[PDB]
Amino acid sequence: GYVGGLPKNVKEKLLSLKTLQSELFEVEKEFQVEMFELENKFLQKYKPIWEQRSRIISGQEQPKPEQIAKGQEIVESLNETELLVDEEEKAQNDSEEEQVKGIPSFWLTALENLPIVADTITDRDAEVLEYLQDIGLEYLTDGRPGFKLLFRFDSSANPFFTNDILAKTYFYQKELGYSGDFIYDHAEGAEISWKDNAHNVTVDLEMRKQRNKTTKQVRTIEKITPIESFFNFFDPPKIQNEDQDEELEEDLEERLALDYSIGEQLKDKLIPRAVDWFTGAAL
Amino acid sequence: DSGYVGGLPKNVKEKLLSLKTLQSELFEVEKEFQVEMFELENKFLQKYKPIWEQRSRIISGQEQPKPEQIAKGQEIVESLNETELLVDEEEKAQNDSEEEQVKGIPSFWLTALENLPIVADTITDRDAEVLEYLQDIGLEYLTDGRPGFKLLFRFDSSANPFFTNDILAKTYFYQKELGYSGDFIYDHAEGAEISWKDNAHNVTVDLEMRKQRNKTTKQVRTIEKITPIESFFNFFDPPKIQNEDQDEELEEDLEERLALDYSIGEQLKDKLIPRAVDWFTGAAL
Amino acid sequence: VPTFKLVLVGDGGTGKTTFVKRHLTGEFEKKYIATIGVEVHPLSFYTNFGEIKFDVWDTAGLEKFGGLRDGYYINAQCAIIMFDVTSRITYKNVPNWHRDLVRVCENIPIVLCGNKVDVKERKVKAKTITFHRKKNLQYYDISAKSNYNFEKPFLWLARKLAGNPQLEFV
Amino acid sequence: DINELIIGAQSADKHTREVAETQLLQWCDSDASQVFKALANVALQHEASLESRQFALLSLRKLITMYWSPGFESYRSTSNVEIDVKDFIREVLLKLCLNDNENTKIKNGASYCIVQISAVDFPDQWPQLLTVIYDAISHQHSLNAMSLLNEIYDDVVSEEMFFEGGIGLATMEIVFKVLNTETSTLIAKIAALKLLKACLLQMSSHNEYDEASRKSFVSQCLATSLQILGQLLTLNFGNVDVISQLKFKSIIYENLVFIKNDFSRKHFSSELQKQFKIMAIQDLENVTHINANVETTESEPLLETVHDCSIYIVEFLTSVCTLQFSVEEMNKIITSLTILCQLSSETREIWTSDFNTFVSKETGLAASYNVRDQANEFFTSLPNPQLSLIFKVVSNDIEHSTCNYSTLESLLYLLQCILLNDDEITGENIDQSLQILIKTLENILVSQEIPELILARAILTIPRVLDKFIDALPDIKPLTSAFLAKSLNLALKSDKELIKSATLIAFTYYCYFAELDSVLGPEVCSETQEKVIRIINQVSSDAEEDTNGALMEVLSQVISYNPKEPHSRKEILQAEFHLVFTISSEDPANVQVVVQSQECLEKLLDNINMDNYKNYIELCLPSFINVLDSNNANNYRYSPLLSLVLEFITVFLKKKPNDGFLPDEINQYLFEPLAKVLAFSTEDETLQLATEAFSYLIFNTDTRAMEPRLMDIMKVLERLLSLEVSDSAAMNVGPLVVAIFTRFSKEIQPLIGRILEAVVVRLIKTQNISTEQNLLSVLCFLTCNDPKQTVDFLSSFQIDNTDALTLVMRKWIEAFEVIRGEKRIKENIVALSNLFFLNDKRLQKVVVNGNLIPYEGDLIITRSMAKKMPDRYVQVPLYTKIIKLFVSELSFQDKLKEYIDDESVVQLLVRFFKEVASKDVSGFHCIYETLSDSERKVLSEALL
Amino acid sequence: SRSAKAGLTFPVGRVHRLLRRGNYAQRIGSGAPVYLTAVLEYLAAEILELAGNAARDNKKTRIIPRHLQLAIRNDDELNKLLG
Amino acid sequence: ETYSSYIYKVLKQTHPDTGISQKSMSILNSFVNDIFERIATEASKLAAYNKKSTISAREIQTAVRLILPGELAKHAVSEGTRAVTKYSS
Ligand SMILES: Nc1nc2c(ncn2[C@@H]2O[C@H](COP(=O)(O)OP(=O)(O)OP(=O)(O)O)[C@@H](O)[C@H]2O)c(=O)[nH]1
Ligand SMILES: [Mg+2]
């Protein structure tokens, strides 16, 4: 206020400061570009490890004795003596061990140990996610910035939907959000091709066979009613803001806050740290 | 669930051990990622230095705006809302001789700091007296030696009556290993010994002096007392550890002081200097 | 006895209520209580040629209290517009009050009074007082404490309404 | 239902009016639409009395603001007003406003409502309004529609919607079309010219830098308006409806002056200025000849309207007065003005009957403004080449009209207006014309046939002739002397008050353009003063309105010529004082008379000397005492002359106290009435002035002469502390108590309890802060005098039958937390030292509740909250709290005693602690045990 | 914090800084701001109390500036303090 | 200037049920700052009158007493003394 009330030397100097600030903003845009290049470069390194651990969890790949031992030193140093092997466990025969290829409910347990996302999981969701095979992440390079999440399910043995891979996308605004970071903007996701409404865990099913009292026709009814589930992660809030969606936009903003918290939790903790969360040591 | 963990077969147990190994390898990859980010951040600091230098010259009055920069500032003002900067007719009637009687921005860095939420609460009026002579705040990244970032506070010895140091600096250090989340974790900090002109001008202690014909010891002696006091310049000379006292007393000391010190340093380095103009005007809030 | 409706109108705080109160009882009043709505006070003057009587409608000068204010002007036969010489805003409010009076009753005689002249701090003077010269309405400088020009507005109005320029009060 | 409401709400009786209004607002809150529609029906029906219809429209206008749309700042909720009812009311209001059948009161009410509705709706939500208005104006020349549009322009149209909105271009097109139609009746052209005035008023808030969309529109509209006005001025209408022709001319010239003043020079070209100048002169001449038709008295307003139109014509000529005037058009102007500036028989009769109105108009304080004032403006404004020519014209016409007693007065007034112009009248033959002018003026003075007003105008205008031409007249001094003497002699011989007052004002002008003393010589100046005071005496018997102010101004001028002391004349000074006193006391409430009597009286007392002080005393003082006694009979109600009297009583007492004490005559005169004023009076200003006067009197009168009235100064102190006076009056005590202690230093001691009782009783009663320290400073001061005597009174004195120490010690030391100011604070330290060193057991042990003990809880205890959690305090003894306060300011500025033994607050109080330690160790140690460690240290380190 | 130590909610530091900006004295007593902070928190308490009183006089829980104004109306000494 | 959160706290402590608008906080804060400035100016007047030239509890109690009406002033002084005592303890 009184800074403006000061003589025009003050206004001209602070105008020069604002010009320099715009120059800082341009340089900071270029800084953001360079960084996004750098996280993309190191995400190309991140991806092999995540794929390898996912293949191990799904049972498509087996560990190696060197990996086993070096994990042994790592566990001994961590003090997490729960993972240690015992002679009683060694007594288990190969036939007993091979009854399950992958780790039973690995990702289920990891998400249950995860603070907030665990609340979204229902019993039917827990049953379904046993068919989850990977969680993948990607960066949006073309056009507007953002990042994408992906999940993999064994649709061949999955009795709930035919979707082999489901992808969820996150978005940021065009210019630099203040404080040098990006602020959220609306997200988009895929639609799940449920095999049937009974197996649709996002829906509760009612079966009715009726003879209409008015028209006296004979009909069989299949009825649908959506319910909350971990796959409400998909079908995200439609748009950031639109004229026809305002009444929806209330819940859209609320669910956007919740979904961005969930996605940030994923991106920071679960994908980079999955084993400790499964074992609960990350708690 | 310990019962479940015991229930896992042996085979799944070596699988989990290998998965822990994969997490560790990801930890080393994160270390390399952080190294690359630190190098590129230092490069961009080098890119930044001239524009901070130019705005510092403007702040001190050493440089005058040139009408291209004036016009660019005006058109930026037209964007958003900064109409405070639009020069009115009354000021154009003024002359440089009248205006240049005050050179630079009065208390630019003082108000910029006191606008910063966490840091302002530490600045007493006695501290604020020195900050009036603050004209520059620079950043330096400890690429050489132990990793960290160093904060620089500059003064004019011929102007300030408090100390003979033109530049006062604060240092932060990180550990050689990354944190669990992948971010850097801190090591004990260090601060410079300010070359105060006199103990009376010292701001971080309180003195008492007195003369006694001491009957108890048959001594006609003079006594001087020095007592450390709370002050922003206690931001320097951060605490250090002595093992026996470290276990009992300095455990709580590191629990409290280090957290506040690191938070203040992070707030300064990130929020303040990159938007020093906005923090000065409060637009960065 | 001829009786006339006089609507005393003018900005709030300016002296309308104490002026009527002193004409009614003779004693000044220091403190300010804002009038709400209107009070009607029947005045009287003893004159040559006989008797003059007024019903004075003292209106609230504050818009928050001017409930149904213009409805008080309906049968007004004369009016006084009072402003205050020490507060220029009350003088700039004058043309609006005059227009409101005219709109309801077009051609009644109006007298404009500058109250509280008995202070050295007057902020508007006869030089700035020009609304009269145009609209041709009489103007007096009065005060309620010192009773300067205390009866002249009523005297002028009674002369105008009775049509008897030799009328004078006793 | 609505009908009895609108009847009751009109009642004068407070009860019925209030109940009807409240029922109306309640009903409108319940269902707005029903009430709105009922009111619209009442306003619509012709069967209702016109008062009811006016009330309906005015109340509806009020109710709209609070129940029509939330766009209003007021919006009384529950406003069920559907688009159905709003459209019905929008219809009804236009049907009322535009109907020629309706009374103008109904049209005005309806327009007043339409203007309110337009406020929130005009350019966007009610588009039919302008369509109907423009249709009516353009196709029917409706006067009602033009008046409604004019109100809309006045109250709701704005700059943005005038220029960028559609309003401006549409209106200007409509107006120009209405003025261009030959068939349009004259009254319609007048209404369209008023609407043009409104459009020009909108356009005036413009600047050369602004948008071209505004700038080009303004330029084109001004060009077209000038063309149309120039074309209109060529029309003639003959004898029919001359009043409307005058109004038509009047509004045309009003528009022309607006365009001339409020717009750039490029919008109203110089050549157009010349053309309109010619037409303006011709219109002036024409308007003069209707003024001969005025003699028919066909309509009474004819003379009034002629003057009103001529005001605007002369104002336009004033605006273009920098244009060159040819000789014949100056002759036309002068002839026309001499016809116009001629006094009416009515004004002539009024001035002859009551000279006070003449004086008020001549001195410039009359409220009226007329064509003679505008002629003054015209001649005052001319530049030199025009002024030097007009002066020759008017002076020549004065010569030829000397035989006529009709036009000569007007010609003299015109010359007067010429001579008030600031420029120098210089020319080839002004010497000759000037000599003839002074000769004819002298003959006007000599002649016995001259009517009153011509003589008065000549008396008033000779000073102006001498003043303007003081360098051209070779013998200015004898001319001035002879003219002044002749005017004064005529005024003395005449029996007309008007000529006397004219001569007094002319004397004021001579005092303005000459130093009378130097030009006349001392004896002639003295005789002039004698004559002037005689005339003032004669005139003053019948002064009213501004005549007292004018007399006081001329008396001020007389006083300024008084000779110096070695030749000063006693009786003229007596006469001057008598006049200033008499004129002032004849009109005591007139503020101008009071202030001018102030300058006059200070001038008289400016020649004051100790060598002649007694004379002034004996001259003035009895009259002032008469004023005091005459206000005493009236109970000292506010009369500002009494105020000025008291002020100059004070300053008169301050003038010559070069002797150690003022002469006892002043005491003998003033003391009784002035005390009679401090007693038996109840007003802030009168007591304030009387107490400053009385305090100054005491401040310089002899104690030995004053000892007899010492009980009277006691009564003054007591009654000024008595609650009969307001606390505002009580605060003035300081100077008076200081004065009495100066002048009764030793005599006051026996009566200090009578001092103490009054000071304490006001103390405990008052909640005014600035008051109580003043009383407490005194109570401090008493103990600095002697704490023993003070306390003996304090212990003996009681309120509510309790010892005053129990009242005083607590309240004084409570307020010692807010007592401030070094000296005052020193007075406290000395006071406490006097107490502490008196050291009676009361001082050792009386509880002064010095320490707070806060009520529990960190919530903030409001006044209401204090009713259930009041704060609490600790009853520490007197010495405890006071020393805490001491050491506290030491902070802001017996083992210790052993080491102590080895003018300013700090120096002052340190000895006290040294003296305390030297005289009461046990108390000092006792207090030490109650002292805090930080205070103990500061006390220690200050002593060390 | 110093406000908590003083038993006050309102900022002692901001009060001290506002006092500093006026340069009202050459050296400042630590009692001045704390005391004043309490005084102004008291004024806030009284004004607010009357404001809630008015809000309920408006039959509701939510105060807006009109209701602050009626609060000032409800207590004449605030009426003369604030105008 | 912003005392918003502390205004909220005082409101709950004096009226837990009550709400308050941001503009109302701005107006209340304006009152607070104006009264602060008048009190501080009177305090500076006192500090100028006496060479002491130091502002502590005393001049503030004086300024509050002079400026605030009696019943407001008494409890304002009460709260000032309460806070000073609580701080000093
Ligand atoms: N000094 C002085 N005070 C005056 C004079 N006339 C009125 N006052 C004071 O001004 C106030 C009179 O205002 P009111 O008559 O109450 O107000 P109003 O003009 O009727 O306006 P509302 O009550 O708002 O309708 C009182 O405080 C009087 O003491 C005057 O001639 N001189
Ligand atoms: Mg009133």
# chains A, B, ... in the order shown; residues from 1 in each chain; ligands from 1

call {"tool": "residues_near_ligand", "arguments": {"ligand": "ligand 2", "cutoff": "6 Å", "atoms": "only C-alpha atoms and all ligand atoms", "output": "PyMOL selection string"}}
result
chain C and resi 13+17+32-35

call {"tool": "interface_residues", "arguments": {"of": "chain D", "to": "chain E", "cutoff": "10 Å", "atoms": "only C-alpha atoms", "output": "VMD selection string"}}
result
chain D and resid 857 to 865 891 to 892

call {"tool": "write_last_selection", "arguments": {"atoms": "C-alpha atoms", "output": "PDB file, in the first residue's frame"}}
result
ATOM      1  CA  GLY D 857      -9.087 -18.710  33.293  1.00  0.00           C
ATOM      2  CA  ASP D 858      -7.375 -17.259  30.215  1.00  0.00           C
ATOM      3  CA  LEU D 859     -10.674 -16.104  28.691  1.00  0.00           C
ATOM      4  CA  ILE D 860     -11.088 -12.327  28.517  1.00  0.00           C
ATOM      5  CA  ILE D 861     -13.514 -10.963  31.111  1.00  0.00           C
ATOM      6  CA  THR D 862     -16.017  -8.623  29.465  1.00  0.00           C
ATOM      7  CA  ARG D 863     -17.959  -6.019  31.439  1.00  0.00           C
ATOM      8  CA  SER D 864     -20.914  -8.400  31.374  1.00  0.00           C
ATOM      9  CA  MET D 865     -18.607 -11.324  32.091  1.00  0.00           C
ATOM     10  CA  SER D 891      13.229   0.710  35.888  1.00  0.00           C
ATOM     11  CA  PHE D 892      11.786   2.755  33.016  1.00  0.00           C
TER      12      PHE D 892
END

call {"tool": "residues_around", "arguments": {"residues": "residue 26 in chain F", "least_positions_apart": "3", "cutoff": "10 Å", "atoms": "only C-alpha atoms", "output": "PyMOL selection string"}}
result
(chain E and resi 65) or (chain F and resi 1-4+21-23+29-32)

call {"tool": "residues_around", "arguments": {"residues": "residue 68 in chain C", "least_positions_apart": "6", "cutoff": "8 Å", "atoms": "only C-alpha atoms", "output": "number ranges by chain"}}
result
C: 37; D: 21, 58-59, 62

call {"tool": "write_last_selection", "arguments": {"atoms": "N, CA and C atoms", "output": "PDB file, in the first residue's frame"}}
result
ATOM      1  N   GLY C  37     -39.536   9.083  12.624  1.00  0.00           N
ATOM      2  CA  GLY C  37     -40.780   9.506  12.014  1.00  0.00           C
ATOM      3  C   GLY C  37     -40.936  11.011  12.015  1.00  0.00           C
TER       4      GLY C  37
ATOM      5  N   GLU D  21     -49.002   2.932   9.905  1.00  0.00           N
ATOM      6  CA  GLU D  21     -47.748   2.640   9.223  1.00  0.00           C
ATOM      7  C   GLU D  21     -47.261   1.239   9.556  1.00  0.00           C
ATOM      8  N   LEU D  58     -46.516   7.770  -3.523  1.00  0.00           N
ATOM      9  CA  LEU D  58     -45.308   8.029  -2.745  1.00  0.00           C
ATOM     10  C   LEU D  58     -44.941   6.833  -1.875  1.00  0.00           C
ATOM     11  N   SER D  59     -45.933   6.240  -1.212  1.00  0.00           N
ATOM     12  CA  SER D  59     -45.688   5.041  -0.430  1.00  0.00           C
ATOM     13  C   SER D  59     -45.233   3.894  -1.315  1.00  0.00           C
ATOM     14  N   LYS D  62     -41.633   4.292  -2.003  1.00  0.00           N
ATOM     15  CA  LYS D  62     -40.850   3.819  -0.865  1.00  0.00           C
ATOM     16  C   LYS D  62     -40.780   2.298  -0.838  1.00  0.00           C
TER      17      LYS D  62
END

call {"tool": "residues_around", "arguments": {"residues": "residue 84 in chain B", "least_positions_apart": "6", "cutoff": "12 Å", "atoms": "only C-alpha atoms", "output": "NGL selection string"}}
result
(:A and (1-8 or 10-12 or 14-15)) or (:B and (73-74 or 76-78 or 281))

call {"tool": "write_last_selection", "arguments": {"atoms": "C-alpha atoms", "output": "mmCIF file, in the first residue's frame"}}
result
data_model
loop_
_atom_site.group_PDB
_atom_site.id
_atom_site.type_symbol
_atom_site.label_atom_id
_atom_site.label_comp_id
_atom_site.auth_asym_id
_atom_site.auth_seq_id
_atom_site.Cartn_x
_atom_site.Cartn_y
_atom_site.Cartn_z
ATOM 1 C CA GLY A 1 0.000 0.000 0.000
ATOM 2 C CA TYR A 2 2.286 2.757 1.247
ATOM 3 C CA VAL A 3 4.952 1.220 -0.997
ATOM 4 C CA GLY A 4 2.799 2.491 -3.847
ATOM 5 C CA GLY A 5 2.302 5.776 -2.008
ATOM 6 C CA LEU A 6 6.072 6.234 -2.085
ATOM 7 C CA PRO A 7 7.524 8.348 -4.952
ATOM 8 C CA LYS A 8 7.672 6.994 -8.509
ATOM 9 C CA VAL A 10 9.614 2.983 -5.836
ATOM 10 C CA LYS A 11 7.026 2.126 -8.482
ATOM 11 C CA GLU A 12 9.613 1.987 -11.269
ATOM 12 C CA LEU A 14 9.213 -2.599 -8.305
ATOM 13 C CA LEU A 15 8.025 -2.655 -11.937
ATOM 14 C CA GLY B 73 6.545 -4.294 -15.471
ATOM 15 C CA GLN B 74 3.582 -2.111 -16.435
ATOM 16 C CA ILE B 76 2.653 -7.411 -16.115
ATOM 17 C CA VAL B 77 0.772 -5.092 -13.744
ATOM 18 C CA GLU B 78 -2.061 -4.962 -16.273
ATOM 19 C CA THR B 281 4.799 -7.266 -1.088
#

call {"tool": "residues_near_ligand", "arguments": {"ligand": "ligand 1", "cutoff": "10 Å", "atoms": "only C-alpha atoms and all ligand atoms", "output": "PyMOL selection string"}}
result
chain C and resi 8-22+28-39+58-66+82-86+90+114-119+141-148+150

call {"tool": "write_last_selection", "arguments": {"atoms": "C-alpha atoms", "output": "tab-separated table (two decimals), in the first residue's frame"}}
result
chain	number	residue	atom	x	y	z
C	8	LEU	CA	-39.73	21.32	8.90
C	9	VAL	CA	-37.34	19.34	6.76
C	10	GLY	CA	-33.59	19.03	6.44
C	11	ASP	CA	-30.59	16.79	6.96
C	12	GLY	CA	-30.21	14.86	10.20
C	13	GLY	CA	-28.31	16.24	13.15
C	14	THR	CA	-28.65	19.81	11.92
C	15	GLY	CA	-30.85	21.41	14.57
C	16	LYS	CA	-34.45	20.97	13.48
C	17	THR	CA	-35.80	19.45	16.68
C	18	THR	CA	-34.20	21.81	19.20
C	19	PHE	CA	-35.29	24.85	17.17
C	20	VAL	CA	-38.94	23.83	17.43
C	21	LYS	CA	-38.46	22.82	21.06
C	22	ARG	CA	-37.11	26.27	21.94
C	28	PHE	CA	-32.00	25.17	24.57
C	29	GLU	CA	-31.04	21.48	24.38
C	30	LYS	CA	-27.41	20.39	24.14
C	31	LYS	CA	-27.72	16.66	23.53
C	32	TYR	CA	-28.68	14.94	20.27
C	33	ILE	CA	-31.53	12.43	20.08
C	34	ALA	CA	-32.45	11.56	16.51
C	35	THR	CA	-36.14	12.03	15.77
C	36	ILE	CA	-37.90	8.95	14.41
C	37	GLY	CA	-40.78	9.51	12.01
C	38	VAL	CA	-42.26	12.94	12.74
C	39	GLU	CA	-43.45	14.91	15.72
C	58	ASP	CA	-40.52	17.94	12.41
C	59	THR	CA	-39.28	15.20	10.08
C	60	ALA	CA	-36.48	12.73	10.73
C	61	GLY	CA	-33.43	13.79	8.75
C	62	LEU	CA	-31.88	10.31	8.89
C	63	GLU	CA	-32.92	8.02	6.05
C	64	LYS	CA	-32.88	5.04	8.41
C	65	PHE	CA	-35.69	6.80	10.31
C	66	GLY	CA	-37.45	8.53	7.41
C	82	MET	CA	-32.65	23.60	7.59
C	83	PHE	CA	-28.98	22.92	7.04
C	84	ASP	CA	-25.92	23.50	9.22
C	85	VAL	CA	-23.26	26.10	8.48
C	86	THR	CA	-20.52	23.99	10.10
C	90	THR	CA	-25.76	19.30	4.92
C	114	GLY	CA	-28.46	28.01	8.10
C	115	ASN	CA	-28.45	26.86	11.72
C	116	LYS	CA	-25.71	26.98	14.38
C	117	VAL	CA	-24.23	30.26	13.18
C	118	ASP	CA	-23.08	30.90	16.76
C	119	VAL	CA	-19.71	29.16	16.36
C	141	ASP	CA	-28.69	32.64	9.12
C	142	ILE	CA	-30.10	31.51	12.52
C	143	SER	CA	-28.99	29.79	15.70
C	144	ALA	CA	-31.00	28.01	18.36
C	145	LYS	CA	-28.65	28.68	21.27
C	146	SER	CA	-28.13	32.43	20.87
C	147	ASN	CA	-31.55	33.04	19.23
C	148	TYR	CA	-30.02	35.01	16.38
C	150	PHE	CA	-34.82	33.33	16.04

call {"tool": "residues_around", "arguments": {"residues": "range 71-76 of chain C", "least_positions_apart": "6", "cutoff": "7 Å", "atoms": "only C-alpha atoms", "output": "list in words"}}
result
residues 5, 6, 7, 101, 104 and 105 of chain C; 51, 55, 58 and 59 of chain D

call {"tool": "write_last_selection", "arguments": {"atoms": "N, CA and C atoms", "output": "compact mmCIF listing (two decimals), in the first residue's frame"}}
result
# COMPACT_ATOMS: atom_id res chain seq x y z
N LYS C 5 -50.05 24.22 7.89
CA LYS C 5 -49.14 23.09 8.02
C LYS C 5 -47.75 23.49 7.54
N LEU C 6 -46.76 23.36 8.40
CA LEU C 6 -45.37 23.65 8.05
C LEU C 6 -44.56 22.39 8.27
N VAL C 7 -43.99 21.85 7.20
CA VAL C 7 -43.12 20.68 7.31
C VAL C 7 -41.69 21.18 7.47
N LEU C 101 -39.58 18.41 -1.79
CA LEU C 101 -40.71 19.25 -1.40
C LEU C 101 -41.52 19.68 -2.61
N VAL C 104 -44.01 17.04 -4.34
CA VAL C 104 -45.25 16.71 -3.66
C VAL C 104 -46.19 17.91 -3.60
N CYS C 105 -45.62 19.11 -3.51
CA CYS C 105 -46.38 20.35 -3.40
C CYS C 105 -45.58 21.45 -4.09
N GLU D 51 -55.31 13.45 -2.69
CA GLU D 51 -54.38 13.17 -1.60
C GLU D 51 -54.12 11.68 -1.46
N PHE D 55 -50.58 9.81 -1.94
CA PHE D 55 -50.05 8.96 -0.88
C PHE D 55 -49.75 7.57 -1.40
N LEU D 58 -46.52 7.77 -3.52
CA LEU D 58 -45.31 8.03 -2.75
C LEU D 58 -44.94 6.83 -1.88
N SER D 59 -45.93 6.24 -1.21
CA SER D 59 -45.69 5.04 -0.43
C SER D 59 -45.23 3.89 -1.32

call {"tool": "select_by_dssp", "arguments": {"residues": "range 47-236 of chain A", "states": "strand (DSSP E or B)", "output": "ChimeraX atom specification"}}
result
/A:132-140,146-153,161,165-172,184-189,194,203-211,218-226
